[PDB]
Ligand SMILES: COc1ccccc1CNC(=N)c1nn(-c2cccc(C)c2)nc1N
Ligand SMILES: O=C(O)CN(CCN(CC(=O)O)CC(=O)O)CC(=O)O
């Protein structure tokens, strides 16, 4: 029977959505390291994911087939998952904003994103999600056309199809959904490419520094030095130290290149052994002046890629799960002449949306390493409090 597989899966998902996200909250709370403000919103997301696994899913199973209830009451069952959805779109929105305010402006952050302003941002969304989510209950419903005073609750017969498309989807979801991927797919892409270039330069001058020490004639030296001077110049304009004022950075490269030129001058003059002797100085010159920034830059990007990629995946799946259900509501509203999407497809669109509140923990398990071994960290944190 298909109906059992539905309720079987519906309950199965509800279990994971609860257990998965509840684990996140323990790690976010038990583990001290995972207590960064960015996880404050991770909790708001997991809290909404928990509410979906507890209340939303049962509410869905019931309205799946309809039921007799008041119009002012049945809107809760049908339009409660709406609040949890907008809350998610608000939580992801914050994490996307919290991560951007730290990638492009790592300076004015700890004075810009305090623990208190964050706590207020979350509540203002839930009360605004309750407002956006439970909007049809203010007096925008189709329960006009059971017992005395009760109306047949079936969603599409109660929820205005123009509220799910124009407002909920377009304004409250589609706008924010596109807003986040377009930014972090670029940040993840620009960073992805930028990190690759920075390494090819560090490796090309690190490699060509060796070809000079073990070189035969003056040609090999003149050619490597040229390739080195290319990498240094490329790296020079590629590693801005955030923050021309107070930059002991442009001086660094100009000390390095200054010796590459003296070396090319040596090689060009046919002084190979004398030119390769200056190559060892370059190692010392690289380690002394430039090595500091090469590493500092390669680290900042490894965080941009891992964070944008992570946040992109979270938002990526969130948009990949909630779109089919919104696409149907669009193909249904803009083409009333089209046959309404079949239940077997409608059901499949509802079931998928419930999964988004399950992947988040899995994503964190496949991405956040701290959250991963956080159990062994909680244990050790307790056994240590014994001597
Ligand atoms: C017959 O199909 C079902 C299967 C399981 C449970 C309920 C139903 C009835 N459909 C619905 N309640 C239903 N929700 N939608 C919906 C669309 C976007 C966002 C949110 C939160 C909800 N869009 C709908 N059509
Ligand atoms: O989801 C993200 O934005 C990426 N992580 C960054 C990675 N995390 C986990 C880790 O790699 O240790 C850093 C952290 O929590 O210490 C943000 C966050 O920490 O909340």
Fewest-first ranking of 98, 254, 223, 337, using other Cβ atoms within 10 Å as the exposure measure: 337, 254, 223, 98
Fewest-first sequence of 294, 282 by Cβ atoms within 10 Å of each Cβ: 294, 282
Least to most buried among 204, 8 (fewest other Cβ within 10 Å first): 8, 204
Cβ-Cβ FRET estimate between residue 379 and residue 38, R0 fixed at 35 Å, reported to 0.05: 0.90
10 Å-binned pair-distance histogram of the chain (Cα, whole percent): 4, 18, 22, 17, 14, 11, 8, 4, 2, 0, 0
Span from the the range 38-91 Cα centroid across to the the range 185-235 one, whole angstrom: 54 Å
Pairwise FRET efficiency - residue 186 versus residue 251, Cβ, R0 = 41 Å, nearest 0.05: 0.80
Label-to-label distance, nm, for residues given as residue 101 and residue 76 (7 Å Cα→Cβ offset): 3.5 nm
Alpha-carbon centroid distance for the pair the range 257-301 / the range 1-21, whole angstrom: 62 Å
Spherically averaged projected area of the range 194-298 from its Cα convex hull (nm²): 6.1 nm²
Set of the range 149-167 residues, backbone N closer than 19 Å to the point 7 Å along the Cα-Cβ line of residue 333: 154-167
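Cβ sites come from the backbone with ideal geometry, for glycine too, and all protein chains shown count toward neighbours. No value in this document is a laboratory result; all are computed from the given coordinates.
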